[PDB]
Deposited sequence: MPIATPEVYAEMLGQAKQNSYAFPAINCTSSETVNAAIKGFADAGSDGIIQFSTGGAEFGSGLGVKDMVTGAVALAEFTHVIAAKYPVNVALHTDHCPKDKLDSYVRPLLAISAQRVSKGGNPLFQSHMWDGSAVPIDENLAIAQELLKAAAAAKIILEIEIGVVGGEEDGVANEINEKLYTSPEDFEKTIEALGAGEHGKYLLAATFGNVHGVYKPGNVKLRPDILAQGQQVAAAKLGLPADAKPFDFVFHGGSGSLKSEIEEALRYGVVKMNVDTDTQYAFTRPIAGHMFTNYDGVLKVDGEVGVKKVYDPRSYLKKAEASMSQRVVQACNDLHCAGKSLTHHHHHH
């Protein structure tokens, strides 16, 4: 099923308590949504499906391009699909900067508030406010106001301090201001994308230098502010730029309270890879060549997109294993 707010809060609470995390897979379509959920199910794992602003715009079609429309259309698709799987799937929206709040996060929040309102559950179970491009006090002012609105709609807010590369490098002051403005969950659950050298994309395995100790110190700074024991983990962290990371980097981040790792680039490669192979091996079936009419069985989009789906699903199971949520779905279907 779709994760109810209560099961999503339980998911994140269990992950944190047990030092594991959930993959948050960026999807753009019926096929990628299907591939992601099948990956979660194959791994016996709960998971998160997220739509970026560009993914939602793509979802709405070239004749719309409207973020809300694409996010709603894909969310309604996903609600029908996820009901047929025995794992919990949460819906999330990814990075939304200040000038897109009015055309993405706020309207989607208002849609969920009205559902809630009528005794139903929200359409999405979390939304991201990415205020990292504005000064921290303004980021956190907007965050505080959005947190109240999200909590009232049974929705978890994700926020960001520090910029994810495409400085890097969240400061002590920012961690302290965050706890001061928002508390530690008593005013509504929030997820914190604190940056620690993360980069969106995949580079040669040497190139991206992560500093997970930044997360460890953020936990200590918060625990001190809250008068907690020094090993407490008051933040639920989000690891952006997950694709291309070393296993050891993922493991270390899990130790410091990462409960959600975002992956897009690697599942993109996984999806595309057998489509590429299909076109090459079937070149004279997918092209009308030398006066011939091609071969319908290989230019039928389903022929290669089933292969794309299965391949993306396999990469999603790898993410569930890497993050240690495989075999741990709160539905306990073993």
Missing segments of the deposited chain sequence, listed N- to C-terminal: 1, 168 to 178, 347 to 349
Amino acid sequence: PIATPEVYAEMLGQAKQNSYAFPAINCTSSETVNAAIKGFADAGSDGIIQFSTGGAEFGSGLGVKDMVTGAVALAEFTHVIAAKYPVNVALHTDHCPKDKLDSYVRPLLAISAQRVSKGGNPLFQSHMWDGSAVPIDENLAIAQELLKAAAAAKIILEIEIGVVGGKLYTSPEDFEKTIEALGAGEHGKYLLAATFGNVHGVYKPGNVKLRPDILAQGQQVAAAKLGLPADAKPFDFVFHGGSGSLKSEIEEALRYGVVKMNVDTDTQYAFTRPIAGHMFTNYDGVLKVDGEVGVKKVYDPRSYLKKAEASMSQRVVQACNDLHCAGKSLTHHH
From here on, numbers count along this sequence of modelled residues.
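Here, rigid core means the biggest group of C-alpha atoms that superpose within 1.5 Å across both forms.
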Divergent stretch in 6 other deposited structures of this protein, 169 to 177 or 93 to 101 [C-alpha RMS, superposed by the core]: 169 to 177
Stretch with greater C-alpha deviation in 6 other deposited structures of this protein, 120 to 128 versus 223 to 231 (rigid core superposition): 223 to 231
Entries skipping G206: at least a third of other ones: yes
Mean C-alpha B-factor comparison - 86 to 94 and 225 to 233, higher one: 225 to 233
Record-listed C-alpha B factor of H127: chain third: middle
Among modelled residues of the same chain, the CA temperature factor third for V317: highest
Entry-reported Cα temperature factor of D66, expressed as the chain third it lands in: highest
Modelled-residue ranking by C-alpha temperature factor, third containing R302: lowest
Where the record places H240 (Cα B-factor, split into thirds across the chain): middle
